Structures are given as structure tokens and as C-alpha cells.
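Trainee: Here you go, data-v1.cif (mmCIF, C-alpha atoms):
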```cif
data_my_file
loop_
_atom_site.label_atom_id
_atom_site.label_comp_id
_atom_site.auth_asym_id
_atom_site.auth_seq_id
_atom_site.Cartn_x
_atom_site.Cartn_y
_atom_site.Cartn_z
CA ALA A 1071 115.60 129.79 89.57
CA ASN A 1072 112.81 127.22 89.14
CA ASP A 1073 112.77 123.77 87.53
CA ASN A 1074 110.76 120.55 87.58
CA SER A 1075 113.51 118.23 86.33
CA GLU A 1076 115.06 117.57 89.74
CA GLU A 1077 111.81 116.55 91.45
CA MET A 1078 111.00 113.87 88.85
CA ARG A 1079 114.72 113.05 88.90
CA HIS A 1080 114.61 112.46 92.67
CA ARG A 1081 111.49 110.32 92.10
CA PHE A 1082 113.57 108.35 89.59
CA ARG A 1083 116.44 107.91 92.05
CA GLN A 1084 114.19 106.76 94.89
CA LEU A 1085 112.38 104.27 92.66
CA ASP A 1086 115.78 103.12 91.40
CA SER A 1087 116.80 102.43 95.00
CA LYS A 1088 113.49 100.61 95.49
CA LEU A 1089 114.22 98.49 92.41
CA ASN A 1090 117.72 97.74 93.72
CA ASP A 1091 116.21 96.69 97.06
CA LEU A 1092 113.91 94.40 95.08
CA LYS A 1093 116.90 93.04 93.16
CA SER A 1094 118.63 92.36 96.48
CA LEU A 1095 115.50 90.52 97.66
CA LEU A 1096 115.43 88.45 94.45
CA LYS A 1097 119.12 87.59 94.78
CA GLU A 1098 118.49 86.72 98.43
CA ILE A 1099 115.79 84.27 97.34
CA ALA A 1100 118.13 83.06 94.58
CA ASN A 1101 120.77 82.32 97.22
CA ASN A 1102 118.24 80.76 99.60
CA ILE A 1103 116.53 78.33 97.20
CA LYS A 1104 119.98 77.38 95.96
CA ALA B 1071 96.04 126.85 83.83
CA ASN B 1072 97.46 123.84 81.98
CA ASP B 1073 100.32 121.47 82.81
CA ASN B 1074 101.57 117.99 81.96
CA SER B 1075 103.65 117.42 85.10
CA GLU B 1076 100.80 116.11 87.25
CA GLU B 1077 99.64 113.46 84.76
CA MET B 1078 103.09 111.86 84.50
CA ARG B 1079 103.38 112.43 88.24
CA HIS B 1080 100.17 110.47 88.86
CA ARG B 1081 101.54 107.76 86.54
CA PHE B 1082 104.64 107.73 88.76
CA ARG B 1083 102.56 107.43 91.94
CA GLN B 1084 100.42 104.59 90.60
CA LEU B 1085 103.47 102.66 89.38
CA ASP B 1086 105.09 103.33 92.76
CA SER B 1087 102.07 101.74 94.44
CA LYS B 1088 102.35 98.84 91.98
CA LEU B 1089 106.03 98.43 92.92
CA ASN B 1090 105.13 98.52 96.61
CA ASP B 1091 102.50 95.83 96.01
CA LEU B 1092 105.22 93.81 94.30
CA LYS B 1093 107.53 94.41 97.27
CA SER B 1094 104.77 93.17 99.57
CA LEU B 1095 104.42 90.06 97.39
CA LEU B 1096 108.19 89.47 97.53
CA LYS B 1097 108.24 89.89 101.31
CA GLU B 1098 105.25 87.55 101.52
CA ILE B 1099 107.23 84.91 99.61
CA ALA B 1100 110.25 85.74 101.80
CA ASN B 1101 108.13 85.03 104.88
CA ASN B 1102 106.57 81.90 103.34
CA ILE B 1103 109.74 80.13 102.17
CA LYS B 1104 111.27 80.98 105.53
#
```
Translate this structure into C-alpha cells?

Mentor:
Amino acid sequence: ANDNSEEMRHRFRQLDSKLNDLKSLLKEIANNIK
Amino acid sequence: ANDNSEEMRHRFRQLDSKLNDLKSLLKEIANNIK
């Protein structure tokens, strides 16, 4: 049983968590400046 | 031997490095404002 969907999928999930970390950083700066 | 997984994969790696550069910029601004 072999597939290449889950490896790109796991890439998508880890970049999604990176983007959410970046969103948390942006909302941190949004709370700090205001 | 032909595949299209590695070209989209290399796109994913170069955008991941772009995102990490953006994270370094955000942490630079996070260090500068504070």
C-alpha cells in the first residue's frame, strides 16, 4: 500500500501550523501596538 | 523515470524557505518594537 498524498498532506499541515504561528505573531503585534 | 512529485515538492521547499524568511522578519520586528 503506497501513496504520495499523505506526505504532501503532512507538508500542508506543518505549513498550516507555521502560518497559524505567524498569525499569532501578527495578532501579538496587533495587541502590542494597540 | 519520470515524476511530477519532486517539482511541486521543490516549490514547497522554496516557499517554505520564503515563509521562514518572513518569520525571521516578523521576529526581527518583534525584537525591534520590544

Trainee: Check every residue of chain A for an atom within 10 Å of chain B, counting only C-alpha atoms, and provide those that qualify as a list in words.

Mentor: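 Residues passing the distance filter: residues 1074, 1075, 1077, 1078, 1081, 1082, 1084, 1085, 1088, 1089, 1091, 1092, 1095, 1096, 1098, 1099, 1102 and 1103 of chain A.
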
Trainee: Chain A superposed on chain B over all ordered C-alpha pairs, least squares: can you write that as a CSV table (one decimal) with C-alpha atoms, keeping the file's coordinate frame?

Mentor:
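part.csv was written with the following content:
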```csv
chain,number,residue,atom,x,y,z
A,1071,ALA,CA,96.0,126.9,83.8
A,1072,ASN,CA,97.5,123.8,82.0
A,1073,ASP,CA,100.3,121.5,82.8
A,1074,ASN,CA,101.6,118.0,82.0
A,1075,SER,CA,103.7,117.4,85.1
A,1076,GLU,CA,100.8,116.1,87.2
A,1077,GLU,CA,99.6,113.5,84.8
A,1078,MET,CA,103.1,111.9,84.5
A,1079,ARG,CA,103.4,112.4,88.2
A,1080,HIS,CA,100.2,110.5,88.9
A,1081,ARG,CA,101.5,107.8,86.5
A,1082,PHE,CA,104.6,107.7,88.8
A,1083,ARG,CA,102.6,107.4,91.9
A,1084,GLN,CA,100.4,104.6,90.6
A,1085,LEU,CA,103.5,102.7,89.4
A,1086,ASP,CA,105.1,103.3,92.8
A,1087,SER,CA,102.1,101.7,94.4
A,1088,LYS,CA,102.3,98.8,92.0
A,1089,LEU,CA,106.0,98.4,92.9
A,1090,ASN,CA,105.1,98.5,96.6
A,1091,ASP,CA,102.5,95.8,96.0
A,1092,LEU,CA,105.2,93.8,94.3
A,1093,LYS,CA,107.5,94.4,97.3
A,1094,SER,CA,104.8,93.2,99.6
A,1095,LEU,CA,104.4,90.1,97.4
A,1096,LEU,CA,108.2,89.5,97.5
A,1097,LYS,CA,108.2,89.9,101.3
A,1098,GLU,CA,105.2,87.6,101.5
A,1099,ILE,CA,107.2,84.9,99.6
A,1100,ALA,CA,110.2,85.7,101.8
A,1101,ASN,CA,108.1,85.0,104.9
A,1102,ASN,CA,106.6,81.9,103.3
A,1103,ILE,CA,109.7,80.1,102.2
A,1104,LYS,CA,111.3,81.0,105.5
```

Trainee: The centre and edge lengths of an axis-aligned box containing all atoms of stretch 1085-1102 of chain B present in the file, extended by 4 Å on each side, are to be given in Å to one decimal, as AutoDock Vina command-line options.

Mentor:
```
--center_x 106.2 --center_y 92.6 --center_z 97.1 --size_x 16.2 --size_y 29.4 --size_z 23.5
```

Trainee: Please output stretch 1073-1089 of chain A, rebuilt to include N, CA, C and O atoms, as a compact mmCIF listing (two decimals), keeping the file's coordinate frame.

Mentor:
```
# COMPACT_ATOMS: atom_id res chain seq x y z
N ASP A 1073 112.71 124.91 88.44
CA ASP A 1073 112.77 123.77 87.53
C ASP A 1073 111.91 122.65 88.09
O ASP A 1073 111.62 122.60 89.29
N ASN A 1074 111.48 121.76 87.20
CA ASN A 1074 110.76 120.55 87.58
C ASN A 1074 111.50 119.29 87.16
O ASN A 1074 110.95 118.19 87.27
N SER A 1075 112.74 119.41 86.69
CA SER A 1075 113.51 118.23 86.33
C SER A 1075 114.03 117.49 87.55
O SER A 1075 114.05 116.26 87.57
N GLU A 1076 114.43 118.22 88.60
CA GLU A 1076 115.06 117.57 89.74
C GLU A 1076 114.06 116.84 90.62
O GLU A 1076 114.42 115.87 91.28
N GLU A 1077 112.79 117.26 90.63
CA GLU A 1077 111.81 116.55 91.45
C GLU A 1077 111.45 115.20 90.84
O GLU A 1077 111.44 114.18 91.55
N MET A 1078 111.21 115.15 89.52
CA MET A 1078 111.00 113.87 88.85
C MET A 1078 112.28 113.05 88.85
O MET A 1078 112.22 111.82 88.91
N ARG A 1079 113.43 113.72 88.82
CA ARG A 1079 114.72 113.05 88.90
C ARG A 1079 114.89 112.36 90.25
O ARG A 1079 115.30 111.20 90.31
N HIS A 1080 114.53 113.04 91.34
CA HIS A 1080 114.61 112.46 92.67
C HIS A 1080 113.59 111.34 92.84
O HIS A 1080 113.88 110.35 93.54
N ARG A 1081 112.42 111.46 92.20
CA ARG A 1081 111.49 110.32 92.10
C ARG A 1081 112.14 109.14 91.41
O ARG A 1081 111.99 107.99 91.85
N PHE A 1082 112.90 109.41 90.34
CA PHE A 1082 113.57 108.35 89.59
C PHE A 1082 114.66 107.69 90.42
O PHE A 1082 114.81 106.46 90.39
N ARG A 1083 115.40 108.48 91.20
CA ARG A 1083 116.44 107.91 92.05
C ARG A 1083 115.85 107.08 93.19
O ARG A 1083 116.39 106.01 93.52
N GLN A 1084 114.75 107.53 93.79
CA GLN A 1084 114.19 106.76 94.89
C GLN A 1084 113.51 105.49 94.39
O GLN A 1084 113.59 104.45 95.06
N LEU A 1085 112.90 105.52 93.20
CA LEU A 1085 112.38 104.27 92.66
C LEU A 1085 113.50 103.36 92.18
O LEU A 1085 113.35 102.14 92.22
N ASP A 1086 114.63 103.93 91.75
CA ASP A 1086 115.78 103.12 91.40
C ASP A 1086 116.34 102.40 92.62
O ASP A 1086 116.71 101.22 92.54
N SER A 1087 116.38 103.08 93.76
CA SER A 1087 116.80 102.43 95.00
C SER A 1087 115.79 101.39 95.46
O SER A 1087 116.17 100.35 96.01
N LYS A 1088 114.49 101.64 95.22
CA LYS A 1088 113.49 100.61 95.49
C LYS A 1088 113.68 99.38 94.61
O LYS A 1088 113.61 98.25 95.10
N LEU A 1089 113.95 99.59 93.32
CA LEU A 1089 114.22 98.49 92.41
C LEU A 1089 115.48 97.72 92.80
O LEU A 1089 115.53 96.50 92.64
```
